[PDB]
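Trainee: Just passing along the structure, written as structure tokens.
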Amino acid sequence: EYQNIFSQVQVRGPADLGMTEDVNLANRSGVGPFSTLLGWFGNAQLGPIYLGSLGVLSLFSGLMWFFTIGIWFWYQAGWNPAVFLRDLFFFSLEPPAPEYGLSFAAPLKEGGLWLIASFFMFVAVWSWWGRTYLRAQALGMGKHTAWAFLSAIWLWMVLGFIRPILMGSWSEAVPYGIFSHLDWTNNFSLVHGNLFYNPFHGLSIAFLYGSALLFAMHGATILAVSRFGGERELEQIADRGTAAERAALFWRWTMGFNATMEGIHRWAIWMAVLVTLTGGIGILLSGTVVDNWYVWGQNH
Amino acid sequence: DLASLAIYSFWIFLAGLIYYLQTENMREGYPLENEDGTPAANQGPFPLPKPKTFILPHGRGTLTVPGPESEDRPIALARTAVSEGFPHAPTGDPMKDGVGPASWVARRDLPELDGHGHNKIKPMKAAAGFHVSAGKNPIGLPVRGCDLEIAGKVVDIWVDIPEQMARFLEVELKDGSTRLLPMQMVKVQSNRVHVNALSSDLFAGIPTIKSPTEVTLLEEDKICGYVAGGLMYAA
Amino acid sequence: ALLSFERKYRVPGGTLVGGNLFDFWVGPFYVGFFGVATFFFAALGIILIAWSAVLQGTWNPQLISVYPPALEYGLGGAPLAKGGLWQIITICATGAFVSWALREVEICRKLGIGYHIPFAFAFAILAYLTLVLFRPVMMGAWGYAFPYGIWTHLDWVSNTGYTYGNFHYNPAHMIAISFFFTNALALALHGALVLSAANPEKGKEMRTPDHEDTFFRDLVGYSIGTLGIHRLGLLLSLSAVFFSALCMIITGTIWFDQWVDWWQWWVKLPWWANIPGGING
Ligand code: BCL
Ligand code: BCL
Ligand code: BCL
Ligand SMILES: CC[C@H]1c2cc3[nH]c4c(c3C)C(=O)[C@H](C(=O)OC)c4c3nc(cc4[nH]c(cc(n2)[C@@H]1C)c(C(C)=O)c4C)[C@@H](C)[C@@H]3CCC(=O)OC/C=C(\C)CCC[C@@H](C)CCC[C@H](C)CCCC(C)C
Ligand SMILES: CC[C@H]1c2cc3[nH]c4c(c3C)C(=O)[C@H](C(=O)OC)c4c3nc(cc4[nH]c(cc(n2)[C@@H]1C)c(C(C)=O)c4C)[C@@H](C)[C@@H]3CCC(=O)OC/C=C(\C)CCC[C@@H](C)CCC[C@H](C)CCCC(C)C
Ligand SMILES: [Cl-]
Ligand SMILES: [Fe+2]
């Protein structure tokens, strides 16, 4: 016995075209090439993908977001390729200055292109969201993936839109740059009196660390019981096998309690979702309600 | 203060969420039992969850959990102490009897079906297209045990079709019958497949399947349990 | 008390040390020699934390803080009240953590499962050891380690981070973060996917694994598979923690400056380094 971390022997057959259910097959692509490389860790098969109206819209406004940032970066580079690569991570598409408040009348070079880029980002994400919902629905599945996606969206919405609006100016939003958004994050914590003292930030961290704890625990557990088909989780839920029993007892004997094959997935979705759920609340409250987390902490 | 109200509310919700999550995680295995199989006085601070039903596909019925539970198999162990907390020792051959790390669960004696209702696990010989596409092909290699002798030769791979993965090697024995060996219990090498869990002479006791081209959920557990069990019981 | 399916698993065997001498359960909990070892180390470490709290004169867990020795102590022992309680508590924590892992190994052996879990937990133990042992030793002083206090250890993160400017610029911290964010994303998606199949739309039979692959394929053009998603979660979370340890082990040992300076291997490269324009021109 080896560790079941990379496969030993890859096996390949006809491409699976997928379940049909109520999927509109007009919108499904053909199968892509198989990948021996991806094959050593997961499935080799690439495709089909589904591309409907919402996915095309999503891809289109996402490419437009990308190119709005792109055209700005080349303009910062003076149209020079070597300044483009040199400073790629230092380029920043910044929001309108505080004096334009919530106005859409900022000049194209002092915030207007940030507004335009944002419009495009907003359409791209919400279309992709309806898409995670619609792909589940077409398959007759639960809407858990769309629901979990909204928790990530909530944080991004707070950072870019809800908090800046409540604060009075787009200038509060996060710039589009690699290094510049890092600087925004550090500045954010500094002006709000140290975000370590934001209790929703400490909860977001407990859940971020707890996500790595839980996926290490669970990833390792399922591989430990793969010798019993433990990764076939759905049939272990429908009909508990010795994999699910040995996994549960490992934890029960280690820490005193345990999950089930289905319920470990409820711990998991909640552990992860709470990261950006508490995170969004802590950012939302910053400067609208609490100016100084450290001071707020000592007092109320 | 609104931040103060929010953190206090969030903590109330999290207590709620944890309690909900613990009860969901009690749908199998509870109520707790004493070592004689009677229910335990103490069941912890969380109530048993109200039953939920799954409708199984392909006419396979429904499962309701929690519900009256039973090993419907006899368990060949005896208690080791009057008081609780001590090991129960195998009364028989723990590998033939399916106890300890040789344990198997009485799963349905029906094969797992894919989305279309076809057996999910089939030998390459019964599954068009399938083939070793990378790494050392095991087929026709000698199967060797932890005793370093040969138990048989690999005559096939049993493949999870939907996942396109090798689940079992089928190994042919001296008398010309065969057994399934879980893929995760073999080290495929240049010249041999080595099976550290079993000596060559424990391969014949691997439970046998009723059909030469399909494996039931019950047989998979017997087979996997037997093979894992050898790590303790063939050491 | 036992789970309804548990008894057939409670056989003798699997111990690494002690034979049948500690081979028993207390309630749900398996004991084993490393179970008594965890007990001895955890008990003593907690007793010393209580002693330290009497020495500090507070019983409020928001206030208790066990500090490592002053930096002047270098790597020597310090008096109990001046860092020695920290050092003995660190030794108890290490033995408790390592002992917990060895007990998991015994539990794996008795249940006949792989050792992935204790192996995965060793990464967490190696990260704690990075901060409290490997890094302080390389820097020459125990006072570099973090204090054992709820809020004080957060002041330590802040002090240490700010010492190197914006720690965000540490490139192994960047890789670690990407792993952490990707891990939570993958955890959210995995729980969602399995649950959306086991709990389908009202008026539907349970979905099969093919629906999970179909769903991900429709969404994204690729499904890693049931086995791959569990390898992936383990890989992401372990790589996150490996890169965390790496980003600290290099900090104050092979790197002493503001982390933003590191990035000049790019900006100041001699050919484009001088071109008029951009952000650094
Ligand atoms: C990892 C990098 C830094 C660090 C940076 C941060 C930051 C930043 C934050 C924390 C926060 C926390 N950290 Mg820290 N923390 C470090 C090392 C540790 C160690 C350790 C032995 O290595 C421990 C026990 C903790 C424990 C804790 C918790 C008090 C709190 C939430 C964590 C969590 O849920 O994670 C995931 C694990 C789980 C979900 C499982 C639950 C385990 C927790 C509840 C154990 C707490 C134990 C503590 C009370 C001591 C126990 C004594 C016993 C009675 C013997 N940290 C290192 C030095 N830590 C957050 C906070 O809110 O501070 C108050 C926060 O914002
Ligand atoms: C100096 C910096 C300050 C600080 C300032 C902040 C600020 C400010 C914030 C955080 C936030 C977070 N911090 Mg902090 N933080 C500090 C120190 C720490 C420490 C520590 C020191 O050990 C830790 C562990 C953390 C941990 C964390 C996380 C728990 C949390 C982010 C969750 C998340 O998943 O975001 C990642 C996920 C998202 C942003 C969601 C994205 C959603 C979707 C819609 C994006 C779509 C993308 C698509 C269109 C594009 C694809 C292509 C791209 C090119 C890639 N911080 C120090 C104190 N921290 C965030 C938070 O919640 O605070 C409460 C936050 O806003
Ligand atoms: C102002 C602060 C600086 C900064 C300064 C630092 C410093 C300094 C450090 C980090 C470290 C980390 N930072 Mg930073 N960081 C900043 C901003 C961020 C941002 C962001 C969004 O801005 C993010 C995502 C992060 C993210 C991270 C993580 C990569 C990493 C912490 C995880 C870890 O090490 O796990 C490792 C896990 C452990 C150590 C847990 C081990 C515990 C185990 C073995 C046992 C404990 C159990 C016991 C006590 C149980 C109690 C019993 C009960 C029953 C439970 N930082 C800002 C710019 N950052 C740390 C790191 O990489 O350390 C290696 C680190 O030292
Ligand atoms: C809930 C907590 C965690 C979480 C959950 C979560 N995220 C999610 C989901 C969930 C449940 C989804 O269902 C959804 C998804 O579809 O997953 C695959 C998603 C998603 N989260 C994503 C990213 C993301 N999630 C993040 C975080 C998290 N997500 C949390 C940690 C982060 C960060 C910063 O941590 C990022 C960056 C996307 C992968 C995906 C949402 C996809 C989306 O909205 O797409 C709209 C945009 C396009 C289609 C644009 C097209 C491509 C453009 C970049 C143009 C470029 C084209 C160019 C020609 C070449 C390309 C190269 C460039 C990339 C350089
Ligand atoms: C490597 C990937 C991630 C991971 C994985 C992981 N953690 C794990 C495991 C795995 C696989 C286990 O098997 C094991 C477990 O049993 O989980 C329930 C564990 C574990 N991870 C735990 C905690 C933990 N893991 C964390 C992180 C991570 N764990 C990583 C991100 C973190 C943080 C801060 O991120 C914490 C807090 C425990 C629940 C458990 C270890 C339990 C244990 O070792 O018990 C024996 C010890 C005691 C009961 C207490 C004795 C301690 C005393 C000697 C004194 C305490 C001193 C301490 C240093 C004080 C610090 C105070 C703080 C305020 C700073
Ligand atoms: Cl679509
Ligand atoms: Fe899973």
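As shown in the structure tokens, the chain order sets the letters A, B, ...; within each chain, residues go from 1, and ligands are also counted from 1 in the order they appear.
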Would you give me, as number ranges by chain, the residues of chain A that come within 7 Å of chain B, using only C-alpha atoms?
Mentor: A: 1-2, 4, 8-14, 16, 19, 43, 226-228, 238-242, 259-260, 263, 266-267, 285, 289
Trainee: Please identify every polymer residue within 8 Å of ligand 4, using only C-alpha atoms and all ligand atoms, and present the set as a ChimeraX atom specification.
Mentor: /A:55,58-67,121,124-129,132,145-153,208,272-277 /C:178,180-189,192,216,219-220
Trainee: With chain B as the partner and 6 Å as the cut-off, tabulate the residues of chain C that qualify, each row holding the nearest pair of atoms and their distance in Å to one decimal, using only C-alpha atoms, sorted by chain and rising number, as JSON lines.
Mentor:
```
{"residue": "C:1", "atom": "CA", "partner": "B:34", "partner_atom": "CA", "distance": 5.0}
{"residue": "C:2", "atom": "CA", "partner": "B:33", "partner_atom": "CA", "distance": 5.2}
{"residue": "C:3", "atom": "CA", "partner": "B:29", "partner_atom": "CA", "distance": 4.7}
{"residue": "C:4", "atom": "CA", "partner": "B:29", "partner_atom": "CA", "distance": 4.7}
{"residue": "C:8", "atom": "CA", "partner": "B:99", "partner_atom": "CA", "distance": 5.4}
{"residue": "C:9", "atom": "CA", "partner": "B:100", "partner_atom": "CA", "distance": 4.4}
{"residue": "C:10", "atom": "CA", "partner": "B:87", "partner_atom": "CA", "distance": 5.3}
{"residue": "C:11", "atom": "CA", "partner": "B:87", "partner_atom": "CA", "distance": 4.9}
{"residue": "C:12", "atom": "CA", "partner": "B:87", "partner_atom": "CA", "distance": 5.3}
{"residue": "C:24", "atom": "CA", "partner": "B:86", "partner_atom": "CA", "distance": 4.8}
{"residue": "C:25", "atom": "CA", "partner": "B:85", "partner_atom": "CA", "distance": 4.4}
{"residue": "C:26", "atom": "CA", "partner": "B:85", "partner_atom": "CA", "distance": 5.7}
{"residue": "C:111", "atom": "CA", "partner": "B:101", "partner_atom": "CA", "distance": 5.0}
{"residue": "C:112", "atom": "CA", "partner": "B:101", "partner_atom": "CA", "distance": 4.9}
{"residue": "C:205", "atom": "CA", "partner": "B:55", "partner_atom": "CA", "distance": 4.7}
{"residue": "C:206", "atom": "CA", "partner": "B:56", "partner_atom": "CA", "distance": 5.6}
{"residue": "C:208", "atom": "CA", "partner": "B:115", "partner_atom": "CA", "distance": 5.6}
{"residue": "C:210", "atom": "CA", "partner": "B:115", "partner_atom": "CA", "distance": 5.6}
```
Trainee: Emit the selected residues as a short mmCIF file (atom, residue, chain, number, x, y, z; two decimals), in the first residue's frame, including N, CA, C and O atoms.
Mentor:
```cif
data_model
loop_
_atom_site.label_atom_id
_atom_site.label_comp_id
_atom_site.auth_asym_id
_atom_site.auth_seq_id
_atom_site.Cartn_x
_atom_site.Cartn_y
_atom_site.Cartn_z
N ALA C 1 -20.23 4.63 26.73
CA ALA C 1 -21.34 4.36 25.79
C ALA C 1 -20.69 4.30 24.42
O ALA C 1 -19.60 4.87 24.23
N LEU C 2 -21.36 3.63 23.49
CA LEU C 2 -20.81 3.24 22.20
C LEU C 2 -21.78 3.79 21.13
O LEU C 2 -23.00 3.84 21.39
N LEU C 3 -21.28 4.17 19.93
CA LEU C 3 -22.18 4.28 18.79
C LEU C 3 -22.78 2.90 18.53
O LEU C 3 -22.14 1.86 18.85
N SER C 4 -23.97 2.87 17.93
CA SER C 4 -24.67 1.62 17.66
C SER C 4 -23.85 0.64 16.82
O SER C 4 -24.15 -0.55 16.80
N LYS C 8 -17.94 -3.84 17.36
CA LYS C 8 -17.15 -4.75 16.55
C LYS C 8 -15.77 -4.17 16.27
O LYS C 8 -14.85 -4.90 15.96
N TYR C 9 -15.60 -2.87 16.41
CA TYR C 9 -14.27 -2.28 16.19
C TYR C 9 -13.41 -2.22 17.43
O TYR C 9 -12.22 -2.01 17.30
N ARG C 10 -13.99 -2.37 18.63
CA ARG C 10 -13.23 -2.15 19.89
C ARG C 10 -12.46 -3.45 20.22
O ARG C 10 -12.76 -4.12 21.21
N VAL C 11 -11.53 -3.85 19.37
CA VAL C 11 -10.74 -5.06 19.61
C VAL C 11 -9.41 -4.65 20.29
O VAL C 11 -9.02 -3.50 20.21
N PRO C 12 -8.68 -5.62 20.91
CA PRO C 12 -7.31 -5.33 21.37
C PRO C 12 -6.33 -5.15 20.18
O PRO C 12 -6.52 -5.80 19.16
N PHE C 24 -7.40 0.73 26.25
CA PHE C 24 -8.75 0.86 26.78
C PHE C 24 -9.29 2.26 26.49
O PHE C 24 -8.55 3.19 26.09
N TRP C 25 -10.59 2.41 26.69
CA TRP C 25 -11.30 3.66 26.44
C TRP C 25 -11.75 4.30 27.77
O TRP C 25 -12.02 3.59 28.75
N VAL C 26 -11.84 5.62 27.80
CA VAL C 26 -12.58 6.30 28.84
C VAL C 26 -13.80 6.98 28.18
O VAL C 26 -13.67 7.98 27.47
N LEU C 111 -7.93 0.58 13.89
CA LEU C 111 -9.08 0.68 12.95
C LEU C 111 -8.68 0.24 11.56
O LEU C 111 -9.53 0.11 10.67
N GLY C 112 -7.39 0.00 11.34
CA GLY C 112 -6.96 -0.51 10.04
C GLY C 112 -7.05 0.52 8.91
O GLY C 112 -7.20 0.15 7.72
N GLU C 205 -35.37 12.36 -6.43
CA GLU C 205 -34.46 11.38 -5.87
C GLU C 205 -33.08 11.93 -5.69
O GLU C 205 -32.62 12.75 -6.46
N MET C 206 -32.40 11.42 -4.67
CA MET C 206 -30.98 11.63 -4.46
C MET C 206 -30.18 11.59 -5.79
O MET C 206 -30.38 10.71 -6.63
N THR C 208 -26.58 11.39 -7.99
CA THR C 208 -25.48 10.45 -7.98
C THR C 208 -24.17 11.24 -8.13
O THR C 208 -24.22 12.47 -8.43
N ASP C 210 -22.23 11.28 -10.63
CA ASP C 210 -22.25 11.79 -12.03
C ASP C 210 -22.88 13.18 -12.15
O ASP C 210 -22.53 13.93 -13.04
#
```
Trainee: When DSSP works through the backbone of this structure, what residues of range 266-299 of chain A end up as alpha helix (DSSP H), shown as a ChimeraX atom specification?
Mentor: /A:266-284,293-298
Trainee: Let me see the file: selected residues, N, CA and C atoms, as a compact mmCIF listing (two decimals), in the first residue's frame.
Mentor:
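Saved result, again_25.txt, follows:
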```txt
# COMPACT_ATOMS: atom_id res chain seq x y z
N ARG A 266 -21.90 19.45 6.19
CA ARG A 266 -22.56 20.63 6.75
C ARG A 266 -21.58 21.46 7.60
N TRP A 267 -20.76 20.78 8.43
CA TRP A 267 -19.64 21.43 9.12
C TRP A 267 -18.77 22.18 8.13
N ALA A 268 -18.46 21.52 7.00
CA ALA A 268 -17.60 22.08 5.97
C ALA A 268 -18.15 23.33 5.27
N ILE A 269 -19.39 23.29 4.78
CA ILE A 269 -19.97 24.43 4.07
C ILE A 269 -20.10 25.63 5.01
N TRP A 270 -20.51 25.38 6.26
CA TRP A 270 -20.59 26.44 7.27
C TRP A 270 -19.25 26.99 7.73
N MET A 271 -18.26 26.13 7.95
CA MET A 271 -16.96 26.62 8.32
C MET A 271 -16.43 27.64 7.27
N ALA A 272 -16.51 27.28 5.99
CA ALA A 272 -16.04 28.11 4.92
C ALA A 272 -16.89 29.37 4.71
N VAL A 273 -18.21 29.20 4.62
CA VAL A 273 -19.14 30.31 4.38
C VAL A 273 -19.00 31.44 5.46
N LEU A 274 -18.78 31.04 6.71
CA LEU A 274 -18.62 31.98 7.84
C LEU A 274 -17.41 32.92 7.76
N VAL A 275 -16.38 32.55 6.99
CA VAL A 275 -15.22 33.38 6.75
C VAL A 275 -15.65 34.72 6.20
N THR A 276 -16.34 34.69 5.06
CA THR A 276 -16.73 35.93 4.39
C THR A 276 -18.05 36.49 4.95
N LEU A 277 -18.82 35.66 5.64
CA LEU A 277 -20.03 36.15 6.28
C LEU A 277 -19.66 37.06 7.45
N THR A 278 -18.85 36.57 8.39
CA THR A 278 -18.38 37.43 9.47
C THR A 278 -17.45 38.53 8.92
N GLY A 279 -16.59 38.18 7.99
CA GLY A 279 -15.74 39.17 7.35
C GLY A 279 -16.52 40.34 6.79
N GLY A 280 -17.57 40.08 6.02
CA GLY A 280 -18.37 41.17 5.47
C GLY A 280 -19.00 42.08 6.52
N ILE A 281 -19.47 41.50 7.64
CA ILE A 281 -20.09 42.24 8.72
C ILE A 281 -19.02 43.16 9.35
N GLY A 282 -17.81 42.65 9.63
CA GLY A 282 -16.74 43.42 10.26
C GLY A 282 -16.27 44.58 9.43
N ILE A 283 -16.11 44.39 8.12
CA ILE A 283 -15.77 45.51 7.21
C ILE A 283 -16.92 46.57 7.14
N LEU A 284 -18.16 46.09 6.98
CA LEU A 284 -19.35 46.91 6.90
C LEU A 284 -19.50 47.86 8.08
N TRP A 293 -11.24 50.11 16.33
CA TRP A 293 -11.64 48.83 16.90
C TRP A 293 -11.01 48.58 18.23
N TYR A 294 -9.74 48.97 18.29
CA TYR A 294 -9.01 48.82 19.54
C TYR A 294 -9.67 49.62 20.67
N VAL A 295 -9.96 50.91 20.42
CA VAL A 295 -10.69 51.77 21.39
C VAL A 295 -12.10 51.23 21.73
N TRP A 296 -12.88 50.90 20.70
CA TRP A 296 -14.19 50.29 20.91
C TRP A 296 -14.06 49.07 21.81
N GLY A 297 -13.04 48.25 21.57
CA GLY A 297 -12.79 47.04 22.37
C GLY A 297 -12.58 47.28 23.86
N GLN A 298 -11.75 48.27 24.21
CA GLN A 298 -11.54 48.60 25.63
C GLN A 298 -12.82 49.06 26.31
```
Trainee: How many Å separate CA of residue 223 in chain A from CA of residue 6 in chain C?
Mentor: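 Calculated distance between CA of residue 223 in chain A and CA of residue 6 in chain C is 20.8 Å.
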